[PDB]
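Notes for the one structure printed next.
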Amino acid sequence: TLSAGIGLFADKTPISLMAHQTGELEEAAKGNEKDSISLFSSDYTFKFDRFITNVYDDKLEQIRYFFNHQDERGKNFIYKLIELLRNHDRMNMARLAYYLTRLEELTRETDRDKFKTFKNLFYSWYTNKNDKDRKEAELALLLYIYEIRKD
RNA sequence: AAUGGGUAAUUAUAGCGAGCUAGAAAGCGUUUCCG
């Protein structure tokens with residue numbers, strides 16, 4: 001198998017700093033199980049199979065299918081979900097539960113069913129104890145809010 | 001009958017509990033001493 005580190009950098013930067021930082025990323029990926037990919041950071045070191053079949057093909061398609069077929073929720077909901085994924089106390093489970101149930105009712109009753117499906121999926125992979133589906137969801141939201149930013 | 005007195009409840013009830021934009025952007029990634 002093979003293991004990879006994928007950095008992410010703005011333009012007009014060196015290729016020595018860049019190569020060294022993603023070398024540190026591939027070494028943090030080597031340290032995991034040496035079958036692993038570290039997108040962008042020293043955490044986020046996923047196994048490669050879980051990155052393919054549980055981040056692209058599972059979570060990020062279900063995020064993209066939500067936020068492109070509704071108008072009322074936007075960037076702000078995504079940023080406030082990213083924060084609750086990044087903190088994750090025991091209290092933030094209840095706070096995320098209150099937030100998502102509180103935004104059930106605010107939808108147009110035509111999109112309340114689709115928001116309810118997204119509510120159930122996001123709460124289910126927030127309160128999963130195994131800590132796989134939580135950092136995978138955080139990375140899926142990072143990639144999705146990367147790929148929809150304007151100038 | 002006259003006289004002297006007031007007494008018992010309820011003290012807020014039902015909701016909303018924040019929403020959407022922005023989530024960093026331009027520059028500089030080496031220069032001099034040195035051959």
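FYI, nothing fancy with the structure tokens labels: chains A, B, ... in order, residues from 1 per chain, ligands from 1 as they appear.
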*Select all residues from chain A having any atom no more than 12 Å from an atom of chain B (counting only C-alpha atoms (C1' of nucleotides), ignoring ligands), output as a PyMOL selection string.*
chain A and resi 10-18+71-80+82-83+98-99+102-103+105-107+142+145-146+149-151
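What separates CA of residue 59 in chain A from CA of residue 6 in chain A is a distance of 19.4 Å.
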*Which of chain A counts as alpha helix (DSSP H) under DSSP, as an NGL selection string please?*
:A and (17-32 or 48-51 or 61-67 or 75-87 or 91-105 or 112-124 or 135-146)
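Remark: for residue 100 in chain A, the closest of the candidate residues A:119, A:114, A:86, A:129 is A:119 (distances computed over only C-alpha atoms).
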*Using only C-alpha atoms (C1' of nucleotides), determine which residues lie at most 8 Å from residue 135 in chain A, disregarding the query and same-chain residues fewer than 3 positions distant; provide the list as a list in words.*
residues 44, 85, 131, 132, 138 and 139 of chain A
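When CA of residue 69 in chain A is paired with CA of residue 108 in chain A, their separation reads 13.3 Å.
Residues of chain A carrying a DSSP assignment of strand (DSSP E or B), computed from the backbone, are residues 4, 5, 6, 36, 37, 38, 39, 45, 46 and 47 of chain A.
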Residues just named, written with C-alpha atoms as an mmCIF file, in the first residue's frame:
data_model
loop_
_atom_site.group_PDB
_atom_site.id
_atom_site.type_symbol
_atom_site.label_atom_id
_atom_site.label_comp_id
_atom_site.auth_asym_id
_atom_site.auth_seq_id
_atom_site.Cartn_x
_atom_site.Cartn_y
_atom_site.Cartn_z
ATOM 1 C CA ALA A 4 0.365 10.253 1.270
ATOM 2 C CA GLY A 5 0.470 13.762 2.645
ATOM 3 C CA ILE A 6 -1.470 16.454 0.836
ATOM 4 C CA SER A 36 -2.817 6.614 5.728
ATOM 5 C CA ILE A 37 -3.444 10.052 4.261
ATOM 6 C CA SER A 38 -3.048 13.293 6.167
ATOM 7 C CA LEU A 39 -4.897 16.057 4.408
ATOM 8 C CA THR A 45 -4.557 11.598 9.321
ATOM 9 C CA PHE A 46 -7.232 9.203 8.121
ATOM 10 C CA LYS A 47 -6.771 5.692 6.913
#
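Across the model, the gap from CA of residue 122 in chain A to CA of residue 81 in chain A is 9.3 Å.
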*asked:* What's around residue 125 in chain A at 8 Å? Count only C-alpha atoms (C1' of nucleotides), leave out sequence neighbours fewer than 4 positions away in its own chain, and write the answer as a PyMOL selection string.
replied: chain A and resi 121+133-134+137
